[PDB]
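Undergrad: Below: one structure in structure tokens.
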Amino acid sequence: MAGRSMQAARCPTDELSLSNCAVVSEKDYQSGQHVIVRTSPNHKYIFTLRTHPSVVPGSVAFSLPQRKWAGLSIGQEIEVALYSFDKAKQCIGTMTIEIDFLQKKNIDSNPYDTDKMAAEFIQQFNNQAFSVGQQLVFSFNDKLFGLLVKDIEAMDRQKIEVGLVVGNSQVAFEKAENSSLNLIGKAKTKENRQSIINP
Amino acid sequence: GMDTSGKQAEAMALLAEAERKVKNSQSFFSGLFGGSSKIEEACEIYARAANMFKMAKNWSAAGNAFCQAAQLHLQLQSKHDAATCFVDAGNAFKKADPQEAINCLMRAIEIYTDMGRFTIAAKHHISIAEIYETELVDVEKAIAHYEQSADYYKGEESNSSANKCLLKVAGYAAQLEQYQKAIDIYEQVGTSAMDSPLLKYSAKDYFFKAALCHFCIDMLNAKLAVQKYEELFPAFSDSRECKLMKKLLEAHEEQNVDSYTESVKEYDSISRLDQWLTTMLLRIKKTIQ
Amino acid sequence: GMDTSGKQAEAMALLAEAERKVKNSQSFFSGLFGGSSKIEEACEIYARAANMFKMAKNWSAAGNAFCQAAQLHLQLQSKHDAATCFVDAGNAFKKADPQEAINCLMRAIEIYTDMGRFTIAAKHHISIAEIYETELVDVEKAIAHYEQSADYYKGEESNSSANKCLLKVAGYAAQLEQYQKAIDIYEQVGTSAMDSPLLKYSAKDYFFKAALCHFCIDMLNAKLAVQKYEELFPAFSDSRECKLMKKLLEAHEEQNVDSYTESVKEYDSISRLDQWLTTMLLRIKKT
Amino acid sequence: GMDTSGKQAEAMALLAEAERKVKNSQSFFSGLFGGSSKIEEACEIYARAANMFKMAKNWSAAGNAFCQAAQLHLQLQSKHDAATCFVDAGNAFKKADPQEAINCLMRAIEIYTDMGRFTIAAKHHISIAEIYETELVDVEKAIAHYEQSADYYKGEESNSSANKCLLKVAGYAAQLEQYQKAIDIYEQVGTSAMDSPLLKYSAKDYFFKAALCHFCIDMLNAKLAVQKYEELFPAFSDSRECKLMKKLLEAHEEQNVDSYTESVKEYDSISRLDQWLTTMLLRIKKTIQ
């Protein structure tokens, strides 16, 4: 609760790397808890925990995407304190995620069904913390995608800056400007269209 | 050579006289009293002969004569003249056989910084390092000697001479030593040069080298380093080197040998590369996978 | 190395037996009154022991030994030897703590002045002036030291050394926004360098900086000032500095912030600027 | 400031103490006949008082004390110490009264050239000439002083120093004095640098100055001299100055001031004038009739 010093480590397994969860030892925490990681007075980042037997006590393991988003280095000292969400205000009703192929060698023009994307995303990341601008890697039909959180909205229509994704959250995807991505189906915004005609 | 032949002939004659003077010395320490003056005359002739050897082209004999004269002179409760002869003895030994020049210099270093003077001691330190690197095949002792010279210089406020000494040692270390030190000294000298109007126009080169040193380890923190540099130094964005880095890192992310090779060749077309940077670029390329 | 620090402890014992040498002054010189040379060798062991610390990289201890040796040696005799010890102590004190080095150097300045050796004293005045700049933040004291050093140099016709010292003073004064002093120094040097062939190429920079300083206080007088420079030196116009200024002043007649910005960027496009110039332009052009 | 007021107050006290010291010294010489320690110590008091007085920002009386101390010291058959005080006294007077400074400096020069040091004596000659011309408006004595200085440097093969002063002497002589001396000095110095280590491509300007001086004399001498340099020094054929002078030469032949005016205008636009060529060119244009 008060916070303790910990050493940053590397993620132990590929499976835990895709979970976007900070991996800890059972002797220190319990799976599902949320912590706030402090690297400086102006840098506080929230992560969800998942225990693994291989983590040495006194250390927290992070995946490469987390270290890049979090500006963390292996072996660096960090301060970790338990974080409790106010579920009345911090449950997510809608998030906007910018998605692109993680590895350029594996780019293809095949369609990807966003409706199946959203269901898999919820199944994988339910009850886990997310923040605006967070970066993570997301696997779908054995294909790796790079994700970037763009916007977050509260559960029932109050706007919020940060929240918790839950099972019944509804996600809408909008293609980034200058994107040739072809999106089909629901789970999008599909904004209006400013015609060339003048009044 | 007739001039050298007669020069060597009289040189031998002075040696015989000097051999008679050491006989005078031993006869005046155990047989007579007050020989300090007599051996002082022996030292004068020893210096008289020793130097004339240096004009006879017989460097090895001259160095031996200087060392013998100095060591004898140390016994007379006098130290400054001991230092001068030690330095002269070394100056003769720099060529031919320099191994004993190191030992005598260290003794001269010991005496000088057993007297009160730094700038001469540190100047001899860098001289020892230069001779060590040029003719002895070993670099680690050079790092230590440059570090010791750096400590003496910067302490005495002779920042200008220190800066180059710190720069050279850090640059050489990057070749065969972990790059953490290279980053530290390069960043330190770059920041110090920033405020000063002298190196402010050239600090970009130091920033360029620091980025190359950081890039060779990993890519992600290198992006952090470069963005931090341009944040602190806004005028680094327009530098052609910054554009070169951005193209290089972007190409490397794509894993394309052709684009990286042509970009470095394009940079090489204008100006010229160096023995060091070419090796650095090749080393990073070899691990592209 | 490590054992030389072992002999450093023995060198503290050498100071300790020097303590017995002053213990002779306590009781034993009554019968050794003629041992004034004994005090001299006592100072000699001080000196070599003083620097066996200066071997071990013990900056404080070496400075303490130098100051103590100087104090003992300055028995109203061999003053120059005491002065050499004092400056050596200041040089040693430069690293770590330079505060006491100022006092010792000031004492050496008084002795050297009393002897009348200007060049060494003024050079030391520069040394104390630069250490103030690079270690402390006071600048007014540095200005005073530079002025005194310049006056000493100017007495002995060392014009060039005094010239550069005054140039640094003018820049600091300009940064301290006292423009009358800056313009006078810049004008004096500018018209003096042109007097001799060896330095006639340098003045263009001096006149440009002086014009900017004039250009800060009274814009209206700037046009007259630049005209005076142009007529005084017929070779002042074509130089890019004069054309650039003429454009800046004429552009300011109309309120067009754009006009001047491309001009300074265009000038910067041929060579980079310095903190002094960029800072002054940023401040002055704001209004 | 308290420092100033106290320094002046103790300055007068020391001066009064010295004055009573010397009068008592005269009394004691007959009274006790202690030798000469009384006078020398009084000189030390004079030196201390003078040297502290100058620190007090007051100059005129400081040099006066120096001169008195030097005069008394020289009374005891010591020359070099008094002469050094003369140099110190003269330098102090430099900002107080030029005439006294000049007199004392000349006294120092004659005694120094009496001792036998010419570099110091000639160095003082430059200083005398520099003060003579910088503030006092006159040339002839400056020319004599510099010419004497140039002779002394050449007395000890200080070619670079003699070259500079002779060039300086020739330049002013051309400005005001006749041209024959300028011709010889400029031609001799220029031709004596054809094989310069680093000044190889600098001797060109020297011949250019000579060409203008000959042109100022007469047209026929101008062309004849211009050719003589062409054959003598091949590289001068392709110098930009050679084309300019040829263009000016032919332009002035036909009496078309417009061609001359545009020819000088283009030269000024391409590269800047020097404030010395412009005056000569204007004088040339004054006699186009």
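Scheme for the structure tokens: letters A, B, ... for chains in order shown; per-chain residue numbers from 1; ligand numbers from 1 in order shown.
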Just the residues within 6 Å of range 94-96 of chain D, please, counting only C-alpha atoms, with nothing from its chain fewer than 3 positions along; format it as a ChimeraX atom specification.
TA: /D:60,91,101
Undergrad: Which residues come within 10 Å of residue 124 in chain A, counting only C-alpha atoms, excluding same-chain residues fewer than 5 positions away, as JSON, numbers by chain?
TA: {"A": [18, 19, 20, 118, 119, 138, 139]}
Undergrad: As an exercise, work out the distance from CA of residue 272 in chain B to CA of residue 205 in chain B in Å and give it to one decimal place.
TA: 13.9 Å
Undergrad: Which residues in range 66-184 of chain D does DSSP call helix (DSSP H, G or I)? List them as a ChimeraX atom specification.
TA: /D:66-74,80-93,98-115,118-134,140-154,159-175,180-184
Undergrad: Mind dumping the selected residues with C-alpha atoms as a tab-separated table (two decimals), in the first residue's frame?
TA:
```tsv
chain	number	residue	atom	x	y	z
D	66	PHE	CA	61.01	55.65	-9.03
D	67	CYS	CA	63.27	58.20	-10.73
D	68	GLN	CA	64.58	59.48	-7.40
D	69	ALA	CA	65.24	55.94	-6.17
D	70	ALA	CA	66.98	55.02	-9.43
D	71	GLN	CA	69.05	58.22	-9.38
D	72	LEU	CA	70.26	57.54	-5.84
D	73	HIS	CA	70.82	53.85	-6.61
D	74	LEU	CA	72.93	54.70	-9.67
D	80	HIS	CA	71.15	47.57	-14.25
D	81	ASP	CA	68.83	47.89	-11.25
D	82	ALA	CA	68.51	51.65	-11.79
D	83	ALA	CA	67.92	51.13	-15.51
D	84	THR	CA	65.12	48.65	-14.79
D	85	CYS	CA	63.60	51.23	-12.45
D	86	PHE	CA	63.98	53.77	-15.27
D	87	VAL	CA	61.94	51.49	-17.54
D	88	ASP	CA	59.37	51.03	-14.78
D	89	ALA	CA	59.28	54.78	-14.12
D	90	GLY	CA	58.90	55.61	-17.80
D	91	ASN	CA	56.03	53.16	-18.21
D	92	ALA	CA	54.20	54.71	-15.26
D	93	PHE	CA	54.62	58.19	-16.77
D	98	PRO	CA	54.83	61.79	-22.23
D	99	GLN	CA	57.89	64.06	-22.14
D	100	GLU	CA	59.31	62.69	-18.88
D	101	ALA	CA	58.53	59.13	-19.98
D	102	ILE	CA	60.42	59.67	-23.24
D	103	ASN	CA	63.44	61.18	-21.48
D	104	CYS	CA	63.74	58.36	-18.94
D	105	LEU	CA	63.22	55.70	-21.62
D	106	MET	CA	65.99	57.24	-23.73
D	107	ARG	CA	68.20	57.15	-20.64
D	108	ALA	CA	67.37	53.46	-20.23
D	109	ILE	CA	68.09	52.75	-23.90
D	110	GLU	CA	71.52	54.41	-23.88
D	111	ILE	CA	72.60	52.55	-20.74
D	112	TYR	CA	71.22	49.26	-22.09
D	113	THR	CA	73.05	49.67	-25.39
D	114	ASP	CA	75.94	50.60	-23.10
D	115	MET	CA	75.55	47.23	-21.37
D	118	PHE	CA	70.19	45.48	-28.49
D	119	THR	CA	66.91	43.55	-28.64
D	120	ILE	CA	65.80	45.28	-25.43
D	121	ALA	CA	67.09	48.65	-26.64
D	122	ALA	CA	65.36	48.26	-30.01
D	123	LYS	CA	62.20	47.04	-28.27
D	124	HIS	CA	62.20	50.28	-26.28
D	125	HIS	CA	62.75	52.19	-29.53
D	126	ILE	CA	59.50	50.77	-30.91
D	127	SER	CA	57.72	51.74	-27.69
D	128	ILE	CA	59.09	55.29	-27.93
D	129	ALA	CA	58.02	55.53	-31.57
D	130	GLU	CA	54.58	54.04	-30.87
D	131	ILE	CA	53.82	56.59	-28.15
D	132	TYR	CA	55.39	59.31	-30.29
D	133	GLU	CA	52.99	58.75	-33.21
D	134	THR	CA	49.86	57.43	-31.48
D	140	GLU	CA	60.06	62.23	-38.89
D	141	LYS	CA	61.27	61.15	-35.45
D	142	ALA	CA	59.17	57.99	-35.70
D	143	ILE	CA	60.87	57.13	-39.00
D	144	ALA	CA	64.29	57.64	-37.42
D	145	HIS	CA	63.38	55.54	-34.37
D	146	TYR	CA	61.98	52.69	-36.48
D	147	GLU	CA	64.94	52.78	-38.88
D	148	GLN	CA	67.32	52.61	-35.92
D	149	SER	CA	65.25	49.73	-34.54
D	150	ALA	CA	65.31	47.93	-37.90
D	151	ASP	CA	69.09	48.28	-37.95
D	152	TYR	CA	69.44	46.76	-34.48
D	153	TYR	CA	67.30	43.72	-35.32
D	154	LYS	CA	69.36	43.08	-38.45
D	159	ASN	CA	64.90	39.18	-40.04
D	160	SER	CA	61.16	38.99	-39.31
D	161	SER	CA	61.24	41.95	-36.92
D	162	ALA	CA	63.42	44.01	-39.26
D	163	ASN	CA	61.18	43.11	-42.21
D	164	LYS	CA	58.07	44.36	-40.41
D	165	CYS	CA	59.56	47.67	-39.28
D	166	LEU	CA	61.15	48.44	-42.65
D	167	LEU	CA	57.78	47.75	-44.26
D	168	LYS	CA	56.18	50.11	-41.74
D	169	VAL	CA	58.85	52.74	-42.41
D	170	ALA	CA	58.37	52.47	-46.17
D	171	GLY	CA	54.58	52.74	-45.91
D	172	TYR	CA	54.60	56.05	-44.04
D	173	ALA	CA	57.42	57.40	-46.21
D	174	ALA	CA	55.27	56.71	-49.27
D	175	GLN	CA	52.28	58.38	-47.59
D	180	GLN	CA	62.38	56.57	-53.94
D	181	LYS	CA	62.87	55.13	-50.45
D	182	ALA	CA	59.52	53.34	-50.70
D	183	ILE	CA	60.50	51.87	-54.07
D	184	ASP	CA	63.75	50.37	-52.78
```
Undergrad: With a cut-off of 10 Å, could you pull out the residues of chain B touching chain A and give me the nearest pair of atoms for each, distance in Å to one decimal, using only C-alpha atoms, ordered by chain and ascending number, as a tab-separated table?
TA:
```
residue	atom	partner	partner_atom	distance
B:220	CA	A:68	CA	7.4
B:221	CA	A:68	CA	8.7
B:224	CA	A:71	CA	9.0
B:253	CA	A:104	CA	9.1
B:254	CA	A:104	CA	7.3
B:255	CA	A:105	CA	9.1
```
Undergrad: Go ahead and save the picked residues with N, CA and C atoms, as a PDB file, in the first residue's frame.
TA:
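Just written: out.pdb:
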```pdb
ATOM      1  N   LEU B 220      16.427   1.419 -29.292  1.00  0.00           N
ATOM      2  CA  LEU B 220      15.323   2.122 -28.647  1.00  0.00           C
ATOM      3  C   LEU B 220      15.830   3.255 -27.760  1.00  0.00           C
ATOM      4  N   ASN B 221      16.796   2.965 -26.887  1.00  0.00           N
ATOM      5  CA  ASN B 221      17.354   4.019 -26.047  1.00  0.00           C
ATOM      6  C   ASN B 221      18.146   5.024 -26.873  1.00  0.00           C
ATOM      7  N   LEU B 224      15.829   7.534 -27.679  1.00  0.00           N
ATOM      8  CA  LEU B 224      15.670   8.378 -26.499  1.00  0.00           C
ATOM      9  C   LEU B 224      16.839   9.346 -26.354  1.00  0.00           C
ATOM     10  N   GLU B 253      15.334  -0.175 -39.006  1.00  0.00           N
ATOM     11  CA  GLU B 253      14.061  -0.746 -38.580  1.00  0.00           C
ATOM     12  C   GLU B 253      13.441  -1.601 -39.677  1.00  0.00           C
ATOM     13  N   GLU B 254      13.697  -1.262 -40.941  1.00  0.00           N
ATOM     14  CA  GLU B 254      13.156  -2.004 -42.071  1.00  0.00           C
ATOM     15  C   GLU B 254      13.965  -3.245 -42.425  1.00  0.00           C
ATOM     16  N   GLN B 255      15.184  -3.385 -41.904  1.00  0.00           N
ATOM     17  CA  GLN B 255      16.037  -4.531 -42.221  1.00  0.00           C
ATOM     18  C   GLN B 255      16.295  -4.601 -43.729  1.00  0.00           C
TER      19      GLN B 255
END
```
Undergrad: So the first atom is CA of residue 165 in chain A and the second is CA of residue 100 in chain A; what is the distance between them in Å, to one decimal place?
TA: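 Here the two named atoms are 20.6 Å from each other.
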Undergrad: Taking 6 positions as the minimum chain separation for residues in the same chain, which residues sit within 9 Å of residue 260 in chain C when counting only C-alpha atoms? Answer as a ChimeraX atom specification.
TA: /C:247-248,251-252,285
